[PDB]
Amino acid sequence: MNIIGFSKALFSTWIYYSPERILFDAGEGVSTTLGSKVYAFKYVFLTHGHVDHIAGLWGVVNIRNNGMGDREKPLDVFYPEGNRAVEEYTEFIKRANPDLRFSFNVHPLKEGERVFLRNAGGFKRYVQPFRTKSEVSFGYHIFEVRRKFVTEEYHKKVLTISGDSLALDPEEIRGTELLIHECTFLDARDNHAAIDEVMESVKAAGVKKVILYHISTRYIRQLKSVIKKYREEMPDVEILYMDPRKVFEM
Amino acid sequence: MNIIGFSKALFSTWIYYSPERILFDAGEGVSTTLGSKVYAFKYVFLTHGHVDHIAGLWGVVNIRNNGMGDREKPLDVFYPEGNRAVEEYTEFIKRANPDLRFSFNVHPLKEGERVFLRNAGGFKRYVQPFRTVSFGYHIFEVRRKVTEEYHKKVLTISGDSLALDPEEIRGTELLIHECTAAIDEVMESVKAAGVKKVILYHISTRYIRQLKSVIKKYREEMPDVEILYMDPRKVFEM
Ligand SMILES: [Zn+2]
Ligand SMILES: [Zn+2]
């Protein structure tokens with residue numbers, strides 16, 4: 001029970017990573033799908049300000065302010081610096097519902113800027129935004145600071161979410177313990193990435209587990225086939241995907 | 001003739017009445033669930049202004065403007081005059097995304113104010129609201145019978161409110177009542193009004209493994225009345 005999410009091209013995208021109690025993006029539906037689980041979120045990291053990536057936030061905050069009782073800690077929301085939609089939306093919520101003014105706080109983030117989560121199991125955990133490949137979009141890394149000569153520290157990439165983007169350069173992805181990569185087009189684009197393009201970076205980076213999301217509803221029937229295909233062309237890499245028609249769970 | 005909806009107390013509630021291309025209330029997920037069907041919407045009537053009744057509007061209006069052409073027809077949105085949330089949300093939508101500025105229009109309604117739908121089959125239909133600042137709605141068609149014109153209640157929808165006075169529901173071909181208003185409160189009014197078919201909604205997830213039998217026991221005390229309910233755990237179709 002590590003990840004539960006939903007992704008549909010232009011309708012809604014939200015991915016809940018529970019180990020660190022983080023919600024990445026918040027398309028409409030999230031609060032309705034997870035009911036009381038929304039009480040467990042400690043952070044929401046927005047990849048972009050489009051509708052289908054933040055409209056579900058209002059429901060998350062409302063449900064939490066209703067059922068967490070007097071014992072409710074504010075929800076921290078991060079989004080890329082300079083996103084007018086997030087600012088206005090967040091301002092609208094408080095304005096519209098004054099009883100929500102304290103239910104959450106928002107925080108602008110700049111590229112490469114770390115955010116310290118907590119210290120557990122002997123390690124410090126951080127989330128860090130990297131710009132995706134106009135409109136500032138962010139992808140995110142969740143890493144642990146570890147020590148492999150005082151000793152030598154290093155970042156252990158526990159998770160990497162791409163957000164809307166093209167196949168990320170293997171360098172940004174090398175070392176991920178779990179890659180959640182967008183995979184809109186199964187071939188010819190209109191910018192979003194094509195699967196051929198994503199799997200290539202995967203190989204170059206030697207990543208062994210990948211979750212493909214934000215799939216076009218059309219590629220459906222063809223999808224279930226392309227994966228079985230790829231899964232066999234890279235027999236050491238675990239490839240999973242979020243079907244545009246169902247809540248994804250792992 | 002055809003209905004697809006979803007209702008879960010506090011989370012989301014939206015009901016699409018296909019016959020007259022009307023969406024009643026717009027909680028989150030509506031556009032995700034209906035996909036392209038949202039292009040067919042002609043009207044949206046809001047019963048109230050809480051989050052779970054309107055937060056899905058933004059998706060509805062964004063999906064349409066993206067998939068509907070130039071001459072695109074603006075979606076008309078009516079709400080109970082006086083609900084700051086709806087105007088503020090609407091304004092937020094248009095400001096944050098100007099491309100949607102003319103994609104739809106919002107109109108406040110006072111209790112009793114009629115809204116004209118269209119004219120087909122030799123009849124006109126209208127939607128008219130009634131208090132319960134929440135609103136419920138009636139979809140009536142004007143027919144002449146003597147030559148005395150009369151209003152036929154094709155549909156009645158309550159919205160967050162208690163059982164309705166059987167006179168307000170008198171002679172409706174279909175009653176959609178919120179059932180969190182106690183069932184008896186509603187059913188008694190039903191048996192009183194003479195209504196033959198009713199769908200309950202806005203039910204708690206808490207009384208699912210208990211409500212079942214209730215409707216079963218009721219469909220027996222009123223073997224002539226059809227009692228349908230919306231399972232807050234899944235989409236409802238009819
Ligand atoms: Zn998108
Ligand atoms: Zn409610």
Side-chain angles (χ1 to χ4, degrees), chain A residues 6-14 26-38 48-67 83-100 103 135 216-218 220 244-247, chain B residues 6-14 26-39 48-67 83-100 103 204-206 208 232-235:
Chain A
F6 174 87
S7 184
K8 196 178 179 181
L10 321 161
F11 289 82
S12 186
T13 294
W14 58 262
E28 58 158 10
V30 55
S31 73
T32 293
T33 305
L34 306 177
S36 56
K37 288 193 176 197
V38 297
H48 199 189
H50 272 57
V51 203
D52 57 324
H53 286 286
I54 70 183
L57 186 57
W58 191 359
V60 173
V61 169
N62 176 262
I63 291 300
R64 295 166 99 270
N65 178 262
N66 167 63
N83 197 93
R84 292 302 310 176
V86 178
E87 309 183 305
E88 304 172 10
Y89 190 46
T90 294
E91 286 168 30
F92 158 69
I93 294 164
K94 301 194 167 176
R95 177 200 317 147
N97 293 332
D99 302 338
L100 270 44
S103 284
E135 309 185 74
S216 306
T217 320
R218 42 173 158 295
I220 279 307
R245 302 163 286 156
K246 325 159 185 183
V247 169
Chain B
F6 177 89
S7 191
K8 179 186 169 199
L10 316 172
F11 290 81
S12 174
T13 295
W14 57 267
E28 69 177 2
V30 55
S31 68
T32 288
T33 295
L34 300 184
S36 60
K37 277 188 183 300
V38 293
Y39 299 143
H48 199 183
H50 284 163
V51 200
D52 57 316
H53 287 288
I54 81 185
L57 187 51
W58 192 1
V60 174
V61 159
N62 174 267
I63 288 300
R64 294 171 96 264
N65 178 267
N66 177 75
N83 288 211
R84 285 304 299 165
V86 184
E87 277 179 291
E88 287 163 333
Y89 189 42
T90 305
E91 298 171 359
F92 157 65
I93 293 175
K94 307 202 167 178
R95 165 176 46 264
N97 192 336
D99 283 324
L100 300 184
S103 185
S204 179
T205 323
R206 294 142 43 186
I208 60 178
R233 300 166 311 186
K234 83 170 186 289
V235 164

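These numbers come from the heavy atoms of this one structure, side chains and all, not from hydrogens, waters or symmetry mates. Labels below follow one simple rule: chain letters A, B, ... track the order of the sequence lines, proteins then strands, and each chain is numbered from 1.
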- Query: Side chains of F92(B) and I93(A): does their closest heavy-atom pair fall under 4.5 Å?
  - Reply: no
- Task: Please check if any side-chain donor atom of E28(A) sits under 3.5 Å from a side-chain acceptor atom of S31(B), or the reverse.
- Result: yes
- Item | Partner chain B: residue of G35(A), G59(A), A55(A) with the largest heavy-atom pair count (under 4.5 Å) | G35(A)
- Heavy-atom side-chain proximity of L100(A) to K94(A) below 4.5 angstrom: no
- Message: Quick check on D52(A) against chain B: is it the side chain, the backbone, both or neither that has a heavy atom closer than 4.5 Å?
- Response: neither
- Query: Under a 4.5 Å cut-off applied to non-hydrogen side-chain atoms, are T217(A) and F11(A) in contact?
  - Reply: no
- Could you tell me which portion of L57(B) (side chain, backbone, both or neither) has an atom closer than 4.5 angstrom to a non-hydrogen atom of chain A? neither
- Item | chain B interface, residue from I63(A), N66(A), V51(A), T33(A) that has the most non-hydrogen pairs under 4.5 Å | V51(A)
- Checking heavy atoms, do the side chain of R95(B), its backbone, both or neither come under 4.5 Å from chain A? both
- Query: Which atoms of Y89(B) come close to chain A, meaning under 4.5 Å heavy atom to heavy atom: side chain ones, backbone ones, both, or neither?
  - Reply: both
- Message: Does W14(A) form a side-chain contact (heavy atoms from CB on, under 4.5 Å) with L34(A)? I'd like the steps, not just the answer.
- Response: CA-CA 11 Å; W14(A) 58 262; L34(A) 306 177; 3.9 Å; yes
- Message: Below 30° counts as parallel, above 60° as perpendicular, anything between as tilted: where do the rings of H50(B) and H53(B) land?
- Response: tilted
- Task: Sort out for me which of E88(A), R84(A), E87(A) touches chain B most, counting heavy-atom pairs under 4.5 Å.
- Result: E88(A)
